[PDB]
Structure formats: C-alpha cells, structure tokens
Number of protein chains: 2
Amino acid sequence: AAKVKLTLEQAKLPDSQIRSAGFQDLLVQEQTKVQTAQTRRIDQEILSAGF
Amino acid sequence: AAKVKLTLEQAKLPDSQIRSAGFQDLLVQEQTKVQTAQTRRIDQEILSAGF
C-alpha cells in the first residue's frame, strides 16, 4: 500500500506538471529568444553598414 | 492499476510534449543563432577591413 501511494503521487504530480510547465516556458522563451536574436542581427547589420 | 496509471500519465505527457516543445524551440533558436553568427562574422570582417 505504501508503494501504491508512491506510484499515485509520482504519476499525479510529475508527468502533468512537467509537461505543462516545461512546454509553456520553453515555447515562450524560445519565441522571445528568436525575436531578440533577429533584432540583434538587424542592429549589428545596421552598425556594420554605418561603420 | 496504480502502475497502469503511472504508465498512462508518463506516456501521454512526456513523449509528445518533449517532442513538440524541443523540436520547435531548438529549430527556432538554431536558425536565429546561425543568422546572428553570420551577421557577427560580417560585422567583424567589416571592422577588420576598416582597421
């Protein structure tokens, strides 16, 4: 029965919690980082052209 | 039955969630980083030529 409770808790919390949190965080951070990288590339190109 | 629920949750969340999120994030970040590296190389070459 103790082992059963181990299984119950591990199934309930870890899988779904990690899925939701990791998916949302990774997607948002990846989109923001891609946009920031594009903006930095544009700014570096502008500075190089001015130079 | 508890073990069954463990299996169900682990299969449903982890595989598909990791697949989608990692694929999208890695592809976007890699493309942005490649573009930024190319732009930085161009800017460094311009600065070196000016020097």
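Along every chain, residues receive numbers from 1 upward following the written sequence, which is not necessarily the numbering found in the entry; those without coordinates are excluded from display. Numbering of ligands from 1 and lettering of chains from A proceed in the order in which they are written. Summary scope: the chains shown constitute part of a larger assembly, and all values are computed over the shown part. Hydrogens and waters are ignored; side-chain quantities use all the structure's heavy atoms. Residues with missing side-chain atoms are left out of burial classes, side-chain pairs and their counts.

- Determination of this PDB entry was carried out by cryo-EM to a resolution of 3.1 Å, according to the record.

## Considering the overall build of chain A
Step number 1: The secondary structure content of chain A amounts to one helix and zero strands.
Step number 2: It is over C-alpha atoms that the radius of gyration is taken, and the globule rule equals 2.2 Å times the number of residues to the power 0.38. Scaling as 2.2 N^0.38, a compact globule of 51 residues should have a C-alpha radius of gyration of about 10 Å, whereas chain A reaches 22 Å, well beyond that.
Step number 3: A principal-axis box enclosing the C-alpha atoms of chain A has dimensions of 70 × 10 × 5 Å. A run of H or I in DSSP becomes a helix once it reaches four residues, and a run of E becomes a strand once it reaches two; helices and strands are each numbered from the N terminus.

## Some details on the relation of the copies chain B and chain A
Step number 1: Copies superposed on C-alpha atoms by least squares. Least-squares fitting of chain B to chain A yields an RMSD of 0.0 Å, with the transformation described by 0.1 Å of translation along the axis and a rotation of 30 degrees.
Step number 2: Whether two residues are in contact is decided by their heavy atoms, any of which lying within 4.5 Å being enough. The two copies present different faces, since only 7% of the interface residues in chain B are matched by interface residues at the equivalent positions in chain A.

## Structural notes on the interface of chain B and chain A
Step number 1: Taken residue by residue, the interface counts 15 residues in chain B and 16 residues in chain A.
Step number 2: Among the residues forming the side of chain B that touches chain A, the class breakdown is five nonpolar, five polar and five charged. Amino acids outside the nonpolar list (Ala, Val, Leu, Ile, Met, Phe, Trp, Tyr, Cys, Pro) and the charged list (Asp, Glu, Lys, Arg) are all regarded as polar, and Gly is one of them.

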